[PDB]
């Protein structure tokens, strides 16, 4: 502005030519898994894994923040555009700055003096400017009613730690690593997981468009000083054009189960006051469930890692639902704009993942009771399933120990089966003592269904056998 240095600085930037899209793309990896696999052992139920690769490509302009005391995330701030910016750890360009005018969008001022001037932008001045206003709004408002926080929720079922980054931000670890997350237990086919990111905005602070690239500096600054800090074209500049300020929860859910109507549990659980009347399946699921949850927000400092089950008990959802300027909020996300032209910077982050689907097949028992006045015989055959390599399959047949044996009395045994069991046949003859018909076949199903507890129960007399076929799922 007027002085020959600034002007030269202004030319510099304006003249910059570069690829806004080839600079804001970060990458992880791909390597192809052929599909294949399948096949798995068990404990108290038998699964088939099978891992079918998939592809995550996000692009936003809003950047999640999992900091609090991050001194370089203030609106106005210039960031360099280089590898560290993609990773959410940007090289800050402190350099003598000119003043700025920020807007602020909460209710109680609409236009009148919902504006602010700062002489030297910095985390401090800009905070202390804000925190001044948040008083005279508490002094007019906040205590007017519940000024309510604008919520915004997102989900992803897990699959890998990196693929999570591409959903929640190039900086997830210091949150990930904290929620205790076991994928060794989901490429096994054991656990299955989903992760929520609840956001609660109280207010937002933003910057009108910079009319000239020079305008952001002071006349003390030269191009030489910018070159000396590595700005190029190759490494241009953005400015933090907006910041939203509030509370955040990241939150991870894991269950024993594998019901292919599990997702449904959550979505309706999340909706809060949506108890279901016990008994249910979209309620058994939740009762075998264990959380871990991080709060960045409301009482400023660091994070609150916390766990509980749900039993709805963890409803911190509406914890910070009301604003009112008691304690301000911390910064949750921000936006950047190139200085050259005020174009919002838009980051395209991609990776493809190790995607592992799972499938049911519980395992019950078959129980026999013989309380008949006669002799009987069981022929009980089946096929035990597995997958070796390529998967394909492996049906090695099998057969009860007492096939053939004559059983009397009151005989009971419980033959237990597992999920891979298939082609289960069961035959039962009783013996009549009639010369022309030695045996009645009294029961004979092929491909019995596999159930928690089938119990076949034969009784009665030689000429008048009774049979109960009882399933119990």
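Residue numbers count along the first chain shown, from 1.
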Quick note on 385 to 393 and 84 to 92: per-entry mean CA temperature factor is higher in 385 to 393
Of the two stretches 369 to 377 and 176 to 184, which shows the higher Cα B-factor on average in the entry? 176 to 184
Maximum C-alpha temperature factor, selected from 280, 401, 154, 119: 280
Say you rank 144, 221, 295, 292 by Cα B-factor from the PDB entry; which sits at the top? 144
In terms of the chain's CA B-factor thirds, is residue 324 lowest, middle or highest? highest
Rank-wise, by C-alpha B-factor, drop residue 258 into the lowest, middle or highest third of its chain. highest
Taking the C-alpha B-factors as the PDB entry records them, is residue 100 in the lowest, middle or highest third of its chain? middle
Sorting by Cα B-factor within the chain, modelled residues only, which third would residue 34 end up in: lowest, middle or highest? highest
Please rank the C-alpha B-factors of the chain's modelled residues and tell me whether residue 420 sits in the lowest, middle or highest third. middle
